[PDB]
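Trainee: This block holds the first chain(s) of the complex, placed as they are in the complex; more will follow:
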Amino acid sequence: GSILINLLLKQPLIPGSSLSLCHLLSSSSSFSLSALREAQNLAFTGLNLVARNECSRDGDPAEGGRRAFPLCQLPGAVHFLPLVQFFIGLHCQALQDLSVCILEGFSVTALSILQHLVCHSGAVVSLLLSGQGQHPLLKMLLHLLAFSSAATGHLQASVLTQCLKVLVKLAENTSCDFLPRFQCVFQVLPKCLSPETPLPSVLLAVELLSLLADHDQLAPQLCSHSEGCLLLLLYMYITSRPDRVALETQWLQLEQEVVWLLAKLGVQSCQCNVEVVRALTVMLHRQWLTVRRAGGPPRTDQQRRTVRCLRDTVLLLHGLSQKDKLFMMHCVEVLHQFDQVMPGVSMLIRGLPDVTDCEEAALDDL
């Protein structure tokens, strides 16, 4: 709602660099300053415009329809962009050129801004997803994204994360039809998933892979091409940790996201069908090896997330077994782990009081 103002004026947009919106506007040091000042003026104009926001009160009847959880139309926001795209360009203009350490910071800040906007506005979303003639901001992101990932620059750790939070929030706040505009993502998600990437990035890329997998023509963009296939990368990753910080909690977030992805894809309706089960078993044995010893009732939040993941994986595997009856064959390599876990996890879930006919039926099937 109106909270967009509070969000934009959040003192540190990112922890560190102490750069707010103010620290973006008040900078007399692509546009050539023939538009820096004009854009700053648009910025504070839109600040006022939203600080009014007569709209999102007494229900805002126009709020409703598609765009799941209709984002409150904050038209004033539409005026911020030319600034934001000026800076995203000075990042791009500074890129595409075979220092930037400073300019890139303003770009990160502006990306956080755009993130909040896409989060809480609908007119900006209609604009961007509209005109293929993509609103210059979309291209300013995409031509960066490759540079956001391909180059492991010290700051390429963050600009990527923010551009991804933006792309994903924009796929969420919007509707299903426009996603073919997002189509351009698939040329860049692979680099976004390279084992040189950290947990938070692959996470956002998974979330977005899902948000696109809701689209009819988009699911095959998962593994239309059997080779490379924008998968078996996700699985080689989930199995062989390509990150070192690798805070187990983060890896749990990622297992959970990958699981929800697999489930949505399976229910909505590659060579990759084969590796998925191997990776799921590696993951599961990675979980059951943790909680068992602790035993008892999990009072830990991590434990509860793990249990949710395990139950969902069990149901998913039952669906798998429903398919590809060779699943025992492809499982041959790890049947050891599979039968060293399945019985104990069945015991556990039976111990759980939230059991489901699905959980019981599956665990019995195996």
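Mentor: Arrived safely, thanks for sending. Residues are numbered from 1 along each chain as shown, chains lettered A, B, ... in the order given.

Trainee: how close does residue A:5 sit to residue A:113?
Mentor: Residue A:5 sits 12 Å away from residue A:113, going by Cβ to Cβ, to the nearest Å. C-beta coordinates here come from the backbone N, C-alpha and C atoms, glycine included.

Trainee: more neighbours, the two?
Mentor: Per other Cβ atoms under 10 Å, whichever of residue A:5 and residue A:113 has more neighbours is residue A:113, with 27 against 18.

Trainee: Need the phi and psi values for the more buried one.
Mentor: Main-chain dihedrals, residue A:113, degrees, to the nearest 10: phi -60, psi -60.

Trainee: Give the helix, strand or coil label for residue A:231.
Mentor: coil (DSSP: H, G, I helix; E, B strand; the rest coil).

Trainee: right, and it touches residue A:274 too?
Mentor: No - in this structure, residue A:231 is not within contact of residue A:274 by Cβ atoms under 8 Å, at 10.7 Å.

Trainee: neighbour-wise, which of those two wins?
Mentor: Using other Cβ under 10 Å as the criterion, residue A:231 and residue A:274 rank with residue A:231 on top: 21 against 16.

Trainee: Leaving out chain neighbours, which residue sits closest to the more buried one?
Mentor: residue A:272 (4.3 Å; Cβ to Cβ, 6 or more residues apart in numbering).

Trainee: Isn't that neighbour up against residue A:226?
Mentor: Yes - Residue A:272 is in contact with residue A:226 according to Cβ under 8 Å; the separation is 7.3 Å.

Trainee: Counting neighbours, go ahead and name the busier of these two.
Mentor: A side-by-side neighbour count of residue A:272 and residue A:226, using other Cβ under 10 Å, places residue A:272 first with 18 against 12.

Trainee: measure the more buried one to residue A:136 for me?
Mentor: Separation of residue A:272 from residue A:136 (Cβ to Cβ) stands at 36 Å.

Trainee: same check, this time on residue A:113
Mentor: Residue A:113 is 16 Å from residue A:136, by Cβ to Cβ.

Trainee: Kindly report the same for residue A:46.
Mentor: In terms of Cβ to Cβ, residue A:46 sits 17 Å off from residue A:136.

Trainee: quick one, which of these two is more surrounded?
Mentor: Between residue A:46 and residue A:136, counted using other Cβ under 10 Å, the more crowded position is residue A:46 (22 against 15).

Trainee: Skipping its backbone neighbours, what lies nearest residue A:256 in space?
Mentor: Using Cβ to Cβ, 6+ apart, the nearest residue to residue A:256 is residue A:309, at 5.3 Å.

Trainee: got the contact list for that neighbour?
Mentor: Contact analysis of residue A:309 by Cβ atoms under 8 Å, 6 or more residues apart in numbering lists A:252, A:255-256, A:259, A:283, A:287.

Trainee: again, only this time at 7 Å
Mentor: Under the criterion of Cβ atoms under 7 Å, 6 or more residues apart in numbering, the contact partners of residue A:309 comprise A:252, A:255-256, A:259, A:287.

Trainee: Check residue A:160 too.
Mentor: So residue A:160 contacts A:148-149, A:201 (Cβ under 7 Å, 6+ apart).

Trainee: any idea which helix or strand carries it?
Mentor: Element membership for residue A:160 (DSSP states H and E) is helix A:158-173.

Trainee: which stretches of chain A form strands?
Mentor: Using DSSP state E, no strands are found in chain A.

Trainee: Surely residue A:12 and residue A:18 touch.
Mentor: Yes - using Cβ atoms under 7 Å, residue A:12 is in contact with residue A:18, at 5.8 Å.

Trainee: add chain B to the structure above:
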Amino acid sequence: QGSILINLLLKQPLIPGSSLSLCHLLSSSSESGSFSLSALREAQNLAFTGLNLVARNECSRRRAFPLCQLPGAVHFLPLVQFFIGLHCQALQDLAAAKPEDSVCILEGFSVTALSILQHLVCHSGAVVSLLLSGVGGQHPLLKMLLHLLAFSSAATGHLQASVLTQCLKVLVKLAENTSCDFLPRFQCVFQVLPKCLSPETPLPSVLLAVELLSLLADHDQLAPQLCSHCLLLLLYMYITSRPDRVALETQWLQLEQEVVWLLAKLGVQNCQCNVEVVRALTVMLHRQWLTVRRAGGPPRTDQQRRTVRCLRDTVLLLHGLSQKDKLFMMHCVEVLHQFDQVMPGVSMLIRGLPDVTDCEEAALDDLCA
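Mentor: Below is chain B, added to the chains above:
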């Protein structure tokens, strides 16, 4: 329930020319000894916090006008206090000498801050309280304003002009928005109004200063601190003799009108200055009358209506002066012919109007014999 304070705080045109907005402040860094950068950072965070506060404020308001208290504003204050104490100690030092560009940029910042501060003093009441309430001693922000005013009201600094303009405007508003019980908390300004009123004082600043004298004259204890023996003497020498060679008649007219409203607010309750008031008002009626009459007819201009209104008010005020002093003619002697050439035309005119008042009728009738 409105919260327009933020809409006010966010505008680059705050002071035309100076691009410094509230954001050119918050983002202030090492580029620009209690005033260490630590307090800069802390006050900037306080500002952002109070901003988040006011940006959401369901508010429903002896202040004589409820301006819905904006509790969040109170947290915008130490930033202003800091940027003011800077250039306050800076003027203290520029004088202590007996690097000015530092003071220049600094006072630009402080002007921006005084603007933010006047918007607050206007649209909030909790800020009014946090500003007026204090030791007498006094509250540090008010103390800073007053120490500064003297330094800009004195020998002109190229920016002292605007510094003083804004400080006087803030005094005016912090006087209006509050109640009468606290007025005497402003007493300390009677030692320093004169220089805000000196023979070298531009029209806007004096407009503000006399508006302030009239915002103050409600407080009896602060009422006579006119003729002590008399500030009005400077005011009248000014209203009659026109310094500020760069002065649009409209400015002189705003000032004349405010001085008339002042004389009125005083009348509704031993000065060489009180013998001179009449010379001033007579030359003043003559000025307005010679300015308007020749363009006789239905008053179509705005300034025309403004003038004629000033005229009705001045003539009523004169009739008052007469009832006050019988020697009225004795003092008028010096410009008696001005007075007797003006009053008849002013009477013909006042009758020509349809808004005639028994008083403007009686007063204008008694004098014109």
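
Trainee: let's see the contacts of residue A:309 again after adding chain B.
Mentor: By Cβ atoms under 7 Å, 6 or more residues apart in numbering or on different chains, residue A:309 lies in contact with A:252, A:255-256, A:259, A:287.

Trainee: can we see that at 8 Å?
Mentor: Residues near residue A:309 by Cβ atoms under 8 Å, 6 or more residues apart in numbering or on different chains: A:252, A:255-256, A:259, A:283, A:287.

Trainee: now those as TSV including neighbour count and distance to residue A:34?
Mentor: Shown next, in TSV, are the contacts of residue A:309 (neighbours: other Cβ atoms under 10 Å in any protein chain shown; distance: Cβ to Cβ, whole Å):
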residue	neighbour count	distance to residue A:34
A:252	21	50
A:255	23	50
A:256	18	48
A:259	22	51
A:283	22	54
A:287	20	58
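
Trainee: can I get those residues in CSV with distance to residue A:36?
Mentor: CSV is the format used below for the contacts of residue A:309 (distance: Cβ to Cβ, whole Å):
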residue, distance to residue A:36
A:252, 44
A:255, 45
A:256, 43
A:259, 46
A:283, 49
A:287, 52
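
Trainee: and which of those is nearest residue A:245?
Mentor: Comparing the contacts of residue A:309 against residue A:245 with Cβ to Cβ places residue A:252 closest, at 14.0 Å.

Trainee: what about the helix holding residue A:160, distance to the chain center?
Mentor: 7 Å (Cα atoms, centre = their mean, to the nearest Å).

Trainee: Now intersect the contacts of residue A:309 with the helices, please.
Mentor: If you go by DSSP state H, those have A:252, A:255-256, A:259, A:283, A:287 in helices.

Trainee: Residue A:190 against residue A:228, yeah?
Mentor: Yes - using Cβ under 8 Å, residue A:190 is in contact with residue A:228, at 6.5 Å.

Trainee: so which residue of chain A comes closest to chain B?
Mentor: Closest to chain B within chain A is residue A:22: 3.3 Å, counting by Cβ to the nearest Cβ.

Trainee: ok, for that residue, nearest residue in space, not its chain neighbours?
Mentor: residue B:23 (3.3 Å; Cβ to Cβ, 6 or more residues apart in numbering or on different chains).

Trainee: give the contact list for the residue of chain A closest to chain B.
Mentor: Going by Cβ under 8 Å, 6+ apart, the list of residues near residue A:22 reads B:22-27.

Trainee: for residue A:275, same thing?
Mentor: Taking Cβ under 8 Å, 6+ apart as the test, what residue A:275 contacts is A:232, A:235-236.

Trainee: can you check residue A:348 too?
Mentor: Residue A:348 touches A:288, A:291-292, A:310, counting by Cβ under 8 Å, 6+ apart.

Trainee: Just flag the most distant two among the residues you listed.
Mentor: The largest separation in these, counting by Cβ to Cβ, is between A:292 and A:310 at 10.9 Å.

Trainee: Mind checking which of these two has more residues around it?
Mentor: Regarding residue A:292 and residue A:310, a neighbour count based on other Cβ atoms under 10 Å in any protein chain shown identifies residue A:310 as having more, with 22 against 13.

Trainee: Quick one: residues contacting the more buried one.
Mentor: When contacts are counted by Cβ under 8 Å, 6+ apart, residue A:310 is found next to A:284, A:287-288, A:345, A:348-349.

Trainee: ok so, going back, any of the contacts of residue A:275 buried? List them.
Mentor: Burial by neighbour count, 16 or more other Cβ atoms under 10 Å in any protein chain shown: within the contacts of residue A:275 this picks out A:232, A:235.

Trainee: Test my guess that residue A:363 contacts residue A:315.
Mentor: No - using Cβ under 8 Å, residue A:363 makes no contact with residue A:315, being 9.6 Å away.

Trainee: out of these two, which sits in the busier spot?
Mentor: More crowded of residue A:363 and residue A:315, by other Cβ under 10 Å: residue A:363, with 22 against 18.
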